[PDB]
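Okay, structure first, notes after.
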Amino acid sequence: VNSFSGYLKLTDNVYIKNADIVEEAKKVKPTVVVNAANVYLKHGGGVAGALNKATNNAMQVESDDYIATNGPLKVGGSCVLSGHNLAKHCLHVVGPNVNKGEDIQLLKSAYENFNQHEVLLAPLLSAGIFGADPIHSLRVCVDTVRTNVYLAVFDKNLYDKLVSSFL
Ligand SMILES: O=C1CC[C@@H](c2cccs2)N1Nc1ncnc2[nH]c(Cl)cc12
């Protein structure tokens, strides 16, 4: 039993809700919140910009130190950093950005990072400003993640479309 509330159950381990991941994180304080990161951990917009703003820029400060030490992430890769006031940990995961020409096959590799964590609150990877089809992202998620994932979808119209078209 965990503290997530109001989710539709898609599969044994994947749950979905129309919710702002920022507000959801602030309420649940999950062990792991997933960020829709880029390789530079520059949290300018989208989910990343929103999560960082909610930390009063502390996520960005921590991230800049991480990059200065380790260099950029790989597309499809991840790193674990602090969750600040939102969660215990933030798993920064880099899905391919279609608006940069990156290979969509790397979306499966990106979701594989979730399997290192028993329970996660997460957005759909590569959706939104990353330019991929969110329906496809949901399919890859369901077919790749085996741990318990609670997906927050900000846009209500998109949420209804994902549910109604889910196989
Ligand atoms: O709903 C969705 C679906 C895909 C993703 C994207 C939208 C546009 C580009 S990628 N997306 N976005 C969010 N998902 C959860 N919480 C959020 N909070 C804010 Cl702010 C935005 C947001």
Side-chain angles (χ1 to χ4, degrees), residues 4 7-25 28 30-52 54 59 63 66-67 72-81 83 86-87 89-163 165-167:
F4 290 96
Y7 287 75
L8 181 66
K9 179 171 178 65
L10 293 176
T11 66
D12 179 69
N13 63 301
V14 178
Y15 295 82
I16 194 166
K17 185 180 178 180
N18 172 225
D20 183 342
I21 192 171
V22 171
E23 287 305 307
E24 186 75 5
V28 174
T31 304
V32 180
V33 66
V34 174
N35 182 32
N38 57 58
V39 299
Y40 308 110
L41 302 179
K42 287 173 60 96
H43 309 302
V47 169
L51 291 170
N52 177 58
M59 177 180 286
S63 293
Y66 173 92
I67 296 286
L73 295 182
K74 298 170 180 180
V75 178
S78 70
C79 67
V80 179
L81 291 172
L86 304 177
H89 304 104
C90 179
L91 181 69
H92 296 272
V93 180
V94 185
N97 190 323
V98 176
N99 304 319
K100 301 181 181 176
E102 296 168 350
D103 175 16
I104 196 62
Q105 298 300 131
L106 291 170
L107 186 54
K108 189 174 183 74
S109 303
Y111 274 117
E112 287 170 343
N113 295 286
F114 289 25
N115 289 321
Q116 300 293 318
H117 303 277
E118 286 194 355
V119 183
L120 315 86
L121 171 64
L124 287 167
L125 297 178
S126 297
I129 69 177
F130 281 62
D133 180 355
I135 299 179
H136 172 67
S137 183
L138 178 56
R139 187 75 256 165
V140 178
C141 180
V142 161
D143 291 343
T144 304
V145 183
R146 299 177 300 283
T147 55
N148 293 144
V149 57
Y150 289 82
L151 295 169
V153 176
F154 179 63
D155 189 76
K156 170 62 172 169
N157 287 322
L158 176 59
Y159 170 84
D160 289 347
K161 180 190 190 122
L162 290 162
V163 167
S165 63
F166 183 73
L167 229 195

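Sequence positions, counted from 1, serve as the residue numbers for this chain.
When all heavy atoms of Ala19 and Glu24 are compared, the pair lying nearest together is CB-OE1, 4.1 Å. Closest of all the heavy-atom pairs between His43 and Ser63 is NE2-OG, 2.8 Å. The minimum heavy-atom distance between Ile21 and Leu51, with the atom names listed, is CG2-CD2, 4.3 Å. The two residues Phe130 and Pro96 have their closest heavy-atom pair at CD2-O, 3.8 Å. Across every non-hydrogen atom of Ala110 and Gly95, the tightest pair is CB-CA, 4.0 Å.
Here the side chains of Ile16 and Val153 are in contact, with some heavy-atom distance below 4.5 Å. Annotation: side chain of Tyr66 is in contact with side chain of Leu41 (closest heavy-atom distance under 4.5 Å). Between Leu151 and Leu138, some side-chain heavy-atom pair lies under the 4.5 Å cut-off. Between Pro123 and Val34, the closest side-chain pair of non-hydrogen atoms falls below 4.5 Å. Counting only heavy atoms from C-beta outward, the side chains of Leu162 and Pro134 approach each other to under 4.5 Å. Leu81 places none of its side-chain heavy atoms less than 4.5 Å from the side chain of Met59. By the 4.5 Å heavy-atom criterion applied to side chains, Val28 and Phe4 are counted as neighbours.
Among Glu112, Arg139, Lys108, the single residue meeting the side chain to side chain donor-acceptor pair (under 3.5 Å) criterion with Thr144 is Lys108.
Rounded to the nearest 0.5 angstrom, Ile129 CD1 and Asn38 CG are separated by 8.5 Å. Rounding to the nearest 0.5 Å gives a distance of 8.0 Å between SG of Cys141 and CG of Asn13. Atom NE2 of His136 sits about 5.5 Å away from atom CG of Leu107, to the nearest 0.5 Å. Rounding to the nearest 0.5 angstrom, the gap separating the CG atom in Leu121 from the NE2 atom in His117 is 13.0 Å. Between the CG atom in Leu86 and the CD atom in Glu23 there is a gap of 9.5 Å [rounded to 0.5 Å]. Rounding to the nearest 0.5 angstrom, the gap separating the SG atom in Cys79 from the CG atom in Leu73 is 4.5 Å.
The side chain to side chain donor-acceptor pair (under 3.5 Å) search around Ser126 returns none, not counting sequence neighbours.
For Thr31 and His89, the side-chain atoms include no donor-acceptor pair closer than 3.5 Å. For the residue pair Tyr7 / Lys17, no side-chain donor-acceptor distance below 3.5 Å is found, with atom types taken as modelled. Checked by atom type, the side-chain pair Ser137/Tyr111 shows a donor-acceptor distance below 3.5 Å.
Among pairs with a residue in residues 91-105, those fulfilling side-chain hydrogen bond (donor to acceptor under 3.5 Å, both in side chains) read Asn35-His92, at least two apart in sequence or across chains. Judged as a side-chain hydrogen bond (donor to acceptor under 3.5 Å, both in side chains), the pairs with a partner in residues 145-159 (not counting sequence neighbours) are, in order, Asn2-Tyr150, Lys156-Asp160.
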Evaluate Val94 against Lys74 for side chain to side chain contact (heavy atoms under 4.5 Å, CB included), listing each step before the verdict.
CA-CA 7 Å; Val94 185; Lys74 298 170 180 180; over 6 Å; no
Given side chain to side chain contact (heavy atoms under 4.5 Å, CB included), test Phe154 with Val47 step by step and report yes or no.
CA-CA 9 Å; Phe154 179 63; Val47 169; over 6 Å; no
Take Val33 and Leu120, measure what side chain to side chain contact (heavy atoms under 4.5 Å, CB included) needs, and give me the verdict at the end.
CA-CA 6 Å; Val33 66; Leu120 315 86; over 6 Å; no
